[PDB]
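A short reminder: the numbers here are calculations on the coordinates, not readings from a lab. Backbone-built Cβ (ideal geometry, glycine too); neighbour counts: all protein chains shown.
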Amino acid sequence: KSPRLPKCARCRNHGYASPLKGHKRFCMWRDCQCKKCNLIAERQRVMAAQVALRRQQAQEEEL
Amino acid sequence: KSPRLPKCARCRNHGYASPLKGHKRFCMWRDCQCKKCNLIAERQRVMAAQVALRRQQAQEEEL
Amino acid sequence: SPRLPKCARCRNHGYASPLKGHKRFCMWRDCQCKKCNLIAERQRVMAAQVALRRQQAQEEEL
DNA sequence: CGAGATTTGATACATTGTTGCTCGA
DNA sequence: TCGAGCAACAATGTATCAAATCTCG
Ligand SMILES: [Zn+2]
Ligand SMILES: [Zn+2]
Ligand SMILES: [Zn+2]
Ligand SMILES: [Zn+2]
Ligand SMILES: [Zn+2]
Ligand SMILES: [Zn+2]
């Protein structure tokens, strides 16, 4: 068995957790930028640049 | 129920209809701004915003 | 059984309404709401695009 | 009318982003 | 140990197909 079932970060950060399925637009803390939320947002830009790099190198191997 | 195979759009405007896989970054016309490709650039934001609206409608269905 | 539209412009306001010739009967015939505005823009892009192709093909002939 | 060309809603294919969670410094 | 960094869910984008309407002899 391999279940994951993700939960939203910003909702969990200010109080009650809630899993994301359609939640990306409905979030009540979609912006905010409180100093706690503000830090996790930088992590997302970092991870995105990181994962994008690995996917480029993954393409490089076939050539 | 029908076969599919992508080919790059921007490449077709100039001749070399190269099939699309990882080609989006290796493109010899990765940007370019001729009126042929200028329209295609407009075409992509319109279709993307349009399909995104339909993806929202699926959330309205809540199913 | 086959699956088929189901008009887009009607769905935007929720009333669904399948298309069979519904073009003119659409109840939102000629509309400029931000939702229905995109499809009108889509053909204007296509029309300007096809017009460009037919013109350049014509210019070389001289 | 029908045959071929042009719309137009629809979907398969590919890219990019987000969070759970491991593993080795 | 316990974080940095990887990969599984999930969004966003890209191009083509097929129903359908249109153009026209
Ligand atoms: Zn949330
Ligand atoms: Zn916050
Ligand atoms: Zn290309
Ligand atoms: Zn170009
Ligand atoms: Zn309608
Ligand atoms: Zn409308």
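Which ones in the stretch C:32-42 are surrounded by 11 or more Cβ atoms within 10 Å (Cβ to Cβ) and either away from ligand 6 (no atom under 16 Å from the Cβ) or among the polar types (S, T, N, Q) (or both)? Once the filter is applied, which keeps residues that are surrounded by 11 or more Cβ atoms within 10 Å (Cβ to Cβ) and either away from ligand 6 (no atom under 16 Å from the Cβ) or among the polar types (S, T, N, Q) (or both), the stretch C:32-42 yields only C:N37.
Apart from one condition, B:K7 fits all of (1) within 14 Å of chain A (Cβ to nearest Cβ); (2) among the charged types (D, E, K, R); (3) farther than 30 Å from C:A16 by Cβ; the exception is (1). Given the conditions (1) within 12 Å of another protein chain (Cβ to nearest Cβ); (2) within 17 Å of the chain's Cα centre (by Cα); (3) near DNA strand D (Cβ under 9 Å from one of its atoms), which single one is not true for C:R53? Just one mismatch for C:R53, condition (2). Has the stretch B:32-45 got any residue that is more than 11 Å from every other protein chain (Cβ to nearest Cβ) and either under 27 Å from A:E60 (Cα atoms) or touching a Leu at 6+ places or on another chain (Cβ under 8 Å) (or both)? Yes, there is a match, as at least one residue in the stretch B:32-45 is more than 11 Å from every other protein chain (Cβ to nearest Cβ) and either under 27 Å from A:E60 (Cα atoms) or touching a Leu at 6+ places or on another chain (Cβ under 8 Å) (or both). Residue count for the stretch B:7-31 under the criterion of being surrounded by 10 or more Cβ atoms within 10 Å (Cβ to Cβ) and more than 10 Å from ligand 3 (Cβ to nearest atom): the result is 2. Among the aliphatic types (A, V, I, L, M), more than 16 Å from ligand 2 (Cβ to nearest atom) and closer than 28 Å to B:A41 by Cα: does that describe C:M27? No; evaluated as a whole, the condition is false for this residue. Take the residues in the stretch B:1-37 that are of a type in the set (G, A, S) and assigned to a loop (DSSP other than H, G, I, E, B); name whichever of them is nearest to DNA strand E (Cβ to nearest atom). My answer is B:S2. The set of residues in the stretch B:3-20 that are of a type in the set (S, T, Y) and in contact with a helix residue (DSSP H, G or I) (Cβ under 8 Å, 6 or more places away or on another chain) contains only B:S18.
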